[PDB]
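Any value given below was found using the heavy atoms of this structure, including those in side chains, with hydrogens, waters and symmetry copies removed. Chain letters run A, B, ... following the sequence lines, proteins first and then strands; every chain starts at 1. Both counts, for ligands and for their atoms, begin at 1 and track the order of listing.
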There are 4 protein chains.
Amino acid sequence: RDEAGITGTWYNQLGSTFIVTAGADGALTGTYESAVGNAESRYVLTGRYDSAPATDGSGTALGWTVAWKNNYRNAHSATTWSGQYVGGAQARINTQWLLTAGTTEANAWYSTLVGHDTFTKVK
Amino acid sequence: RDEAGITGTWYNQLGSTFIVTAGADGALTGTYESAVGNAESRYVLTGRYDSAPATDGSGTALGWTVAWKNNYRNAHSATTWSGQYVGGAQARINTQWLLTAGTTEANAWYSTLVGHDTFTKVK
Amino acid sequence: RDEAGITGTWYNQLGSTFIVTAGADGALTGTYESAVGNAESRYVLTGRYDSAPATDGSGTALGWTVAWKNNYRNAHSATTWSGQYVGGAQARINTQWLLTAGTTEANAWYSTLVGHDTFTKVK
Amino acid sequence: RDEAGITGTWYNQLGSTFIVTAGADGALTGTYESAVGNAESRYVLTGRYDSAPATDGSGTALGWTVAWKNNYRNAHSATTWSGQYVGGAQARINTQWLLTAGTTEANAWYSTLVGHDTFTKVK
Ligand SMILES: O=C(CCCC[C@@H]1SC[C@@H]2NC(=O)N[C@@H]21)NCCN(Cc1ccccn1)Cc1ccccn1
Ligand SMILES: O=C(CCCC[C@@H]1SC[C@@H]2NC(=O)N[C@@H]21)NCCN(Cc1ccccn1)Cc1ccccn1
Ligand SMILES: O=C(CCCC[C@@H]1SC[C@@H]2NC(=O)N[C@@H]21)NCCN(Cc1ccccn1)Cc1ccccn1
Ligand SMILES: O=C(CCCC[C@@H]1SC[C@@H]2NC(=O)N[C@@H]21)NCCN(Cc1ccccn1)Cc1ccccn1
Ligand SMILES: [Cu+2]
Ligand SMILES: [Cu+2]
Ligand SMILES: [Cu+2]
Ligand SMILES: [Cu+2]
Ligand SMILES: [Cu+2]
Ligand SMILES: [Cu+2]
Ligand SMILES: [Cu+2]
Ligand SMILES: [Cu+2]
């Protein structure tokens, strides 16, 4: 189904680069490079996608996580993207995301940022 | 650090069961069984955690994804949990989550549910 | 400041119509007409905005609520939009929103949808 | 219905104080005092609630907004709470919230915090 459609390099509206392989078993593996924030170079990502989506024209549900630690920096935080892949001539992955920081209990009420990223095969 | 603290069986307030192994490399692997919704038995999960958290008393950031397809059912959806592990005698994983369904474009505006789950080692 | 910039008719990407008056005291009052969902005609809205925003080029924070009851229908739900107004030749109100339904306790875990709407003065 | 049940003083898990009047017309008016963050004393709030909820045991949908400007401080931000009132001997208002700051366009990707507050009549 969308193994081929999902696998590859994607770019979001911030200029970040999402490099992913979709496995036959529903796995997502690859790397993420954020153009913004406390981040440099690539970070490991892993996630899952619906490997047998509906055939009624609906998108394909998926999600993935990055923990913001690599050999260069550690931002003590993790983002999860939850979204759907929409195939076609202008393929897209439309997501919403939650970025949680490790905090003290006193600061936990502001631990989590929320936003939305749209990924395309171009740009 | 928290490899040992995170690895194991966790339970949330809904009675769902989160079985996870935290790898030395920052990986999270395991299974999720939801007590609610269009779900039965176990589903694969994968995620990431900060394997070198701060030492100032802050929690450990992490996240993981489940795509709601297994050998029994397919709910054409995926949940990502984004949160932090808080160690101690009453250890907890405090999360917020995004559940995205595969939808048509016309229905995409209501594709995504949001909520919050707290996981404990007991119950 | 942005009393004049905010007051007026706005339209989002779904074709919904947001008619608002920004008061000198920080109040937002007006009506909302959703182009989608269990909704017809106008609904009352009320909200608040920062009536003395920063002068460093930042946007103006604001939010508002609609309860989805009017003389025609009652969808037993409420949406809150939380966002910022960005002035200029292409003025925008960029929001994220939470739509909560009245549910039984058993169904409360899926009470809340999340999304994002961008409002413009045109379309 | 819940005009009487909602009107009054509520407290959340952070120790914040939510003072609200529910009008016959679906209006919510009152003040909010946050125990945390860049806030002191009371701030105006306004919102809406379903004034004719379902009779099947479901909660009552509601939401409200605070812009974090008063005579003492201005945090250039606004929170919206979206939730439901659940009546009974242990009445509760269960919410999720979005706190948006006024930001530059470059920083807009981290403009919005998300969390969840539970309000009770005691504490
Ligand atoms: O910056 C990071 C890691 C990189 C995140 C990039 C995001 S992921 C979603 C979005 N999509 C992208 O492609 N890129 C971005 N984590 C901390 C975020 N902090 C704010 C922030 C924003 C800008 C600069 C520094 N900090 C929060 C914080 C909470 C406590 C202490 C410290 N910080
Ligand atoms: O139910 C599932 C899979 C299981 C999710 C369990 C969640 S994960 C977060 C939370 N924490 C847990 O431990 N369990 C729950 N996905 C569809 C959710 N749908 C609603 C829903 C709720 C209850 C029953 C059926 N559907 C939405 C929908 C959107 C379009 C079409 C159809 N459905
Ligand atoms: O549809 C409404 C009211 C109108 C909402 C329009 C939103 S507000 C955010 C976004 N921006 C807009 O301009 N329009 C939309 N409330 C129920 C939403 N339900 C789903 C839904 C989606 C489509 C059709 C019917 N239902 C959920 C539900 C949970 C339990 C029982 C029943 N329903
Ligand atoms: O603090 C406020 C106003 C009060 C919010 C209290 C919230 S409302 C939800 C929750 N429930 C409550 O009862 N109280 C809290 N706004 C800025 C939040 N900022 C973080 C923050 C957290 C702690 C201390 C200072 N700042 C973000 C920021 C983004 C850019 C620049 C500056 N700041
Ligand atoms: Cu930061
Ligand atoms: Cu199917
Ligand atoms: Cu469902
Ligand atoms: Cu450090
Ligand atoms: Cu509905
Ligand atoms: Cu200022
Ligand atoms: Cu702040
Ligand atoms: Cu009804």
Side-chain angles (χ1 to χ4, degrees), chain A residues 50 54 58 61 82, chain B residues 10-18 32-40 43 65-70 73-81 95-104 106-119, chain C residues 10-18 32-40 43 50 52-56 58 65-70 73-81 95-104 106-119, chain D residues 38 50 54 58 61 69 73-76 82 102:
Chain A
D50 179 2
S58 296
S82 183
Chain B
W10 297 82
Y11 310 92
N12 75 9
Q13 75 289 346
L14 295 162
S16 300
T17 306
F18 168 46
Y32 201 95
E33 174 162 9
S34 180
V36 300
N38 186 9
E40 76 181 88
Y43 296 79
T65 303
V66 168
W68 296 106
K69 172 184 174 284
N70 68 7
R73 291 184 193 199
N74 190 349
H76 303 308
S77 52
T79 301
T80 60
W81 290 256
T95 72
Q96 296 188 81
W97 53 255
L98 296 169
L99 183 166
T100 308
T103 71
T104 60
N107 296 328
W109 68 269
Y110 68 107
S111 67
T112 311
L113 292 161
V114 62
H116 43 100
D117 288 352
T118 299
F119 296 85
Chain C
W10 297 82
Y11 310 92
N12 75 9
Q13 75 289 346
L14 295 162
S16 300
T17 306
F18 168 46
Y32 201 95
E33 174 162 9
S34 180
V36 300
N38 186 9
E40 76 181 88
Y43 296 79
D50 179 2
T55 53
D56 60 2
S58 296
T65 303
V66 168
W68 296 106
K69 172 184 174 284
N70 68 7
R73 291 184 193 199
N74 190 349
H76 303 308
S77 52
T79 301
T80 60
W81 290 256
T95 72
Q96 296 188 81
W97 53 255
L98 296 169
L99 183 166
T100 308
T103 71
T104 60
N107 296 328
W109 68 269
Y110 68 107
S111 67
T112 311
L113 292 161
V114 62
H116 43 100
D117 288 352
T118 299
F119 296 85
Chain D
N38 186 9
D50 179 2
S58 296
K69 172 184 174 284
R73 291 184 193 199
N74 190 349
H76 303 308
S82 183

Taking non-hydrogen atoms only, is [X] closer than 4.0 angstrom to ligand 3 via side chain, backbone, both or neither?
X	answer
C:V66	neither
C:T79	side chain
C:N38	both
C:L99	side chain

Under 4.0 Å from a heavy atom of [X]: which atoms of ligand 3 are those, numbered in the order shown and with their elements?
X	answer
C:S16	12 (C), 13 (O)
C:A75	16 (N)
C:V36	6 (C), 14 (N), 15 (C)

Subject >> Donor + acceptor pair across side chains of C:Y32, C:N12 (<3.5 Å) >> reply: yes
Subject >> Short side-chain donor-acceptor distance under 3.5 Å, B:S111 and B:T103 >> reply: no
Nearest to [atom], what protein heavy atom do you find, and at what distance?
atom	answer
atom 7 (C) of ligand 3	B:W109 CZ3, 3.5 Å
atom 24 (C) of ligand 3	C:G37 CA, 4.0 Å
atom 30 (C) of ligand 3	C:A101 CB, 3.8 Å
atom 9 (C) of ligand 2	B:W97 CE2, 3.4 Å

Any protein heavy atom nearer than 4.0 Å to [atom]:
atom	value
atom 12 (C) of ligand 2	yes
atom 28 (C) of ligand 2	no
atom 33 (N) of ligand 2	no

Original post:
What do we get for B:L14 next to ligand 2 when only non-hydrogen atoms under 4.0 Å count, side chain, backbone, both or neither?
Top reply: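 It is the side chain that gets close, since no backbone atom is under 4.0 Å.
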Flag the pair [X] / [Y] as yes when at least one side-chain heavy-atom distance between them is below 4.5 Å, and no otherwise.
X	Y	result
B:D117	B:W97	yes
C:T95	C:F119	yes
B:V66	B:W81	yes

**OP:** Have a look at B:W68, B:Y11, B:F18 and point out the one with the heavy atom closest to atom 4 (C) of ligand 2.
**Re:** B:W68
**OP:** Going by heavy-atom distance to atom 19 (N) of ligand 3, choose the closest among C:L113, C:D117, C:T100, C:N74.
**Re:** C:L113
Separation of [Y] [atom2] from [X] [atom1] (nearest 0.5 Å):
X	Y	atom1	atom2	value
B:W109	C:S16	CH2	OG	9.0 Å
C:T79	C:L98	OG1	CG	8.5 Å
C:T100	C:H76	OG1	NE2	15.0 Å

Looking at [X] and [Y], would you say the former's side chain and the latter's main chain have a donor-acceptor pair under 3.5 Å?
X	Y	answer
C:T80	C:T65	no
D:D50	C:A78	no
C:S77	C:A75	yes
B:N70	B:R73	yes

Whether [X] lies under 4.0 Å from ligand 3, heavy atom:
X	answer
C:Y110	no
C:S77	yes
C:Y32	yes

Original post:
What protein N, O or S atoms come within a distance below 2.8 Å of the Cu ion (ligand 10), ordered by chain and number?
Top reply: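 For the Cu ion (ligand 10), the protein N, O and S atoms that sit under 2.8 Å away are D:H76 NE2.
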Subject >> Which atom of C:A67 lies closest to which atom of C:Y43, heavy atoms considered >> reply: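 For C:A67 and C:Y43, the tightest heavy-atom pair comes out as O-CD2, 3.8 Å.
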Subject >> Closest non-hydrogen atom pair between D:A61 and C:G102, with its separation >> reply: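 So the two residues come closest at CB-N, 3.9 Å.
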Original post:
Taking both backbone and side-chain atoms of B:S34, is any N or O found less than 3.5 Å from an N or O belonging to ligand 2?
Top reply: yes
